[PDB]
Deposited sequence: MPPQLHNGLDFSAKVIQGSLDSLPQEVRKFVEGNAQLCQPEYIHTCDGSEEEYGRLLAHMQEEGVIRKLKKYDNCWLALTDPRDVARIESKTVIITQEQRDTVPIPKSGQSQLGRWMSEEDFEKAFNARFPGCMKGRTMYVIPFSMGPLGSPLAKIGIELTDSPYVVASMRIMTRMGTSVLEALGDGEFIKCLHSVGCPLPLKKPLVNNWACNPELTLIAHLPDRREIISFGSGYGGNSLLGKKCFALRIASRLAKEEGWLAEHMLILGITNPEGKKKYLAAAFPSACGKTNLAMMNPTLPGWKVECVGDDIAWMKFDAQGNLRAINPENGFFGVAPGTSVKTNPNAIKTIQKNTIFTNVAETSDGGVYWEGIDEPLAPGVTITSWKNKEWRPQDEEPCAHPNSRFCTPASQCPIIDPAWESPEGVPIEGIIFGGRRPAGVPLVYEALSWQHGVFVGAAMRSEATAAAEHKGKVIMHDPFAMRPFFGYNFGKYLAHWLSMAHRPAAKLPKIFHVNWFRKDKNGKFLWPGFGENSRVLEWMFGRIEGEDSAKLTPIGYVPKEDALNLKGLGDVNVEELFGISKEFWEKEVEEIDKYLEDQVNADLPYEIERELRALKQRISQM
């Protein structure tokens, strides 16, 4: 069988058995053990005891602190160099560049970062050999989607970070039951290392292992591999989330006829008890989580959360667009969360939650900018830098909570239903301080796809089509064609498409619209429009609410002519910016129908 000990790693297994693994899982584990040279192999079973043991271990190692105020909550503080996703160090590898991004006309692509296989092999070899020396390689078997769902997909993540294991237990369905469901089936291969083999060549900051210089988050869709090095943070290390559920999945979806999108999924119920599901794509830090868990101000209205970040959607045999949330938890921006901006999150995160880079109070609680809560006389604050802090923010602006979805008091009764929830409306939006109205509705499916493609958002006003700029797993031109093709599907029940702007400002630079829970007044209008109410007025950019169509009672000085005003001058500029972007960035792969919508919008604006 072999001539020495060789490639049998059985003797290093501290939990599980290599013999009991499905053979391709075994090969994946053993091959990467040979490569990365971990001291131990720990096959995760997903049990409470394992989780228990692992938190204790991290506490013992000074990697996390227990937050004594709450029930089983923990705080991790990071190296200030490793605090977020980094788009620039994120790449996709294909034989042909054009499969990954459109070939731009004049400029550099901002629709992805392609890397040749040969550049990646050099990069890979400069990073992973020996990279786990002295550490445990954890084998995390995980399901994206409920453990049986026809939309669900299985991954195996190898990692040397117990913080990733713990976070993956919350953010995915993890453990032995996943291996048992996998059998000899296909799985996504996820390899992760913090890139700090022992003994340490460089000094660790705040006991947070990372390698900023060599950080690289790679996707290789044709090998169905995700390979990430150097960062322990969120989207860089929790491979099921962005790398798998958006980048890899979007390419699988294109091939198999479904969608993987940066969308919340919410259930909304009117005072009659009539309920619809909606999906919404906003860019990062633009309000998905606040919307998905909204506490509505309008009496009788209820919002329930199916998911807050990622949607997998597919037309069923009946023509309804079905959506699942493939995550098991919410990895939510901490700062700005308060009892008045997101009371439901406040209720969720007080137990079994891991916080990263927030501040800690002397009585063992958490603090951040915009928490909007007085502390008791005597209580002091340690900032995310492990320094005494008084009113430098006390929490990193991308600090995060990581919390179980099942704990959310408004979690939707169907949030785990294998068949998904039927989508009747899709909402696009971002941060636009000027010009873009509070809400408008697309003229058609094709206009709506154009509206998604035309999305922009203040970081500078960036382009962020479908809120997927950082997450396209393949050519965006082909992504547009894929969306447009959904109108060719027989019997498809195409949802209504809306665009919102919560962030318009006045000359004084303050928000024209109160937002948060008051956004229920906008969802009410959308609900009525889905029902077919004659509550809309035609404008050059699409349908807006008629005068007195929105419930504005009680706000009360809301400048509707400013909120809904449509300036020829602004829109002339806007279409110019959309045109230049699409021509350069999508170029030869821009579908005809999108160019036609551009032309049509330009024409309607010229007639003002």
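key: Gaps in the model (deposited sequence, numbered from 1)   = Residues missing from the model, as numbered along the full deposited sequence, span 1 to 2, 394 to 396, 465 to 473.
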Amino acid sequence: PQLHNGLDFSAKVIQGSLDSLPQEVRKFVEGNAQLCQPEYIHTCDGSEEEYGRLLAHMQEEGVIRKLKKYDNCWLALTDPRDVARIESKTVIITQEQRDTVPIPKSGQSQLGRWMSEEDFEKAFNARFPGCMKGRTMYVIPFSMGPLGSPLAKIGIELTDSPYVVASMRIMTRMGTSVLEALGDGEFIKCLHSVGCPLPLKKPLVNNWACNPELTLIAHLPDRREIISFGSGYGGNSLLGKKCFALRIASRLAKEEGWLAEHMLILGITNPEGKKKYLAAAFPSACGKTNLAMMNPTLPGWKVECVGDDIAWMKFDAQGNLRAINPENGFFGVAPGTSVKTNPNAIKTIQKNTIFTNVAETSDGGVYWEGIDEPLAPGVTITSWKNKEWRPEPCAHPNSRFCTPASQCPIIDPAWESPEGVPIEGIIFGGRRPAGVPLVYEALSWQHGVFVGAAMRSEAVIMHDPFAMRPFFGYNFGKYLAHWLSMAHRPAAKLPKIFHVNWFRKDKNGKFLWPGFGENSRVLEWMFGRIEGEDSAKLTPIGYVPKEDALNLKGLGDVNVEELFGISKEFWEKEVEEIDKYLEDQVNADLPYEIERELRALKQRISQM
From here on, numbers count along this sequence of modelled residues.
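query = Between 334 to 342 and 434 to 442, which has the larger average Cα B-factor in the PDB entry?
reply = It is 334 to 342 that shows the higher mean C-alpha B-factor.
key: Comparing 194 to 202 with 274 to 282, the one whose average Cα B-factor in the PDB entry is higher   = Per the PDB entry, the higher value belongs to 194 to 202.
Largest Cα B-factor, entry values, listed residues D222, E261, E157, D160 = Each of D222, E261, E157, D160 was compared by C-alpha B-factor; the highest is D222.
Top residue by Cα temperature factor, when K387, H447, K496, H482 are compared in the entry = It is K387.
query = What third of the chain, by the recorded C-alpha B-factor, contains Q97?
reply = Within its chain, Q97 is a highest-third residue by C-alpha B-factor, going by the deposited values.
ask   = Lowest, middle or highest third: where is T539 by Cα B-factor in its chain?
value = CA B-factor rank for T539: lowest third.
query = When the modelled residues of the chain are sorted by Cα temperature factor, does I410 land in the lowest, middle or highest third?
reply = It falls in the middle third of the chain.
inquiry  = Ranking the modelled residues of this chain by C-alpha B-factor as given in the entry, is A317 in the lowest, middle or highest third?
reply    = It falls in the top third of the chain.
ask   = When the modelled residues of the chain are sorted by Cα temperature factor, does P465 land in the lowest, middle or highest third?
value = For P465, the deposited C-alpha B-factor lands in the lowest third.
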